[PDB]
Amino acid sequence: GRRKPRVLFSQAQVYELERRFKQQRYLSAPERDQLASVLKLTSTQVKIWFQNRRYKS
Amino acid sequence: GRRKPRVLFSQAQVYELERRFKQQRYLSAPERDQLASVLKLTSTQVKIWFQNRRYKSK
DNA sequence: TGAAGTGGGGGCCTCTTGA
DNA sequence: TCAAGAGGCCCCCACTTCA
Ligand SMILES: [Mg+2]
């Protein structure tokens with residue numbers, strides 16, 4: 001049936017995620033929530049981005 | 001069918017567990033493994049004892 | 001009695017998918 | 001492409017269960 005499409009993170013969102021990754025490979029529960037607010041993404045999305053980022057690297 | 005029995009912890013083991021609990025309500029994996037080794041219990045039993053002790057503390 | 005089971009949070013890691 | 005699915009394994013709290 002119809003399903004929700006994956007939406008790519010913008011250049012700005014990716015830049016900030018990367019900028020933060022350069023300072024911390026792992027984020028605590030509070031930090032994820034905060035960054036998710038700054039990026040306008042969900043806590044989970046930030047959590048998974050870091051997870052895939054640690055894996056990719 | 002027959003299933004493994006629940007074995008109680010000795011007075012000495014519980015005494016040491018209650019001693020550590022008065023020092024820390026929670027333990028890290030290294031702390032849980034070192035205590036398990038000392039008491040002759042697995043790390044899961046220790047983990048589960050602190051979990052239960054906390055619930056009962058409520 | 002009281003350690004252990006059930007089940008519902010989250011989490012990290014690892015590999016793979018497919019609009 | 002690349003965020004997300006999903007198996008494998010961990011810690012926590014609530015609330016029982018029954019040798
Ligand atoms: Mg796409």
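Throughout, a chain's letter reflects where its sequence line sits, starting with A, and its residues are numbered from 1. All heavy atoms count here, side chains included; hydrogens, waters and symmetry mates do not.
- For residues 5-29 of chain B, every residue pair satisfying the salt bridge (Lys or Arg N to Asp or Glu O under 4.0 Å) rule, not counting sequence neighbours, is listed here: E16(B)-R19(B), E18(B)-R53(B).
- Of the residues in residues 22-37 of chain B, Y26(B), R32(B) come within less than 4.0 Å of DNA chain D through at least one heavy atom, sorted by number.
- Along DNA chain D, the stretch of nucleotides lying under 4.0 Å from any heavy atom of chain A spans, 5' to 3', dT1(D) to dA6(D).
- Listed here is the closest heavy atom pair of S57(A) and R54(A): OG-O, 3.1 Å.
- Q34(B) places no side-chain N or O within donor-acceptor distance of the main-chain N or O of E31(B), the cut-off being under 3.5 Å.
- Contact of the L35(B) side chain with the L41(B) side chain is not registered, since no non-hydrogen atoms from C-beta on lie closer than 4.5 Å.
- Residue-environment remark: CD (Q11(B)) stays at or below the threshold of 12 foreign heavy atoms within 6.0 Å.
- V46(B) and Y26(B) are assigned to two separate hydrophobic clusters, defined by single-linkage of ILVMFWY side chains at heavy-atom distances under 4.5 Å.
- Remark: side-chain polar atoms of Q51(B) are not paired, donor with acceptor, to backbone N or O of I48(B) under 3.5 angstrom.
- Within the model, atoms CG of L27(A) and CH2 of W49(A) stand 9.5 Å from one another, a figure rounded to the nearest 0.5 Å.
- For the segment residues 38-57 of chain A, residues with any heavy atom less than 4.0 angstrom from an atom of DNA chain C are, sorted by number, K47(A), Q51(A), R54(A), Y55(A).
- Contacts between residues 3-19 of chain B and DNA chain D, defined by a heavy-atom separation below 4.0 Å, involve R6(B), listed by number.
- Within 6.0 Å of atom CD in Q24(A), more than 12 heavy atoms from other residues, nucleotides or ligands are found, so the atom counts as buried in its surroundings.
- Between the side chain of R32(A) and the backbone N or O of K47(A) there is no donor-acceptor pair closer than 3.5 Å.
- Distance noted for atom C1' between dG10(C) and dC9(D): 14 Å (whole Å).
- In terms of modelled atom types and a separation under 3.5 Å, the side chain of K40(A) and the main chain of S37(A) share no donor-acceptor contact.
- The shortest distance between side-chain heavy atoms of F50(B) and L17(B) falls below 4.5 Å.
- Bracketed by its first and final contacts, the part of DNA chain C lying under 4.0 Å from non-hydrogen atoms of chain B reaches from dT1(C) to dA4(C) in 5' to 3' order.
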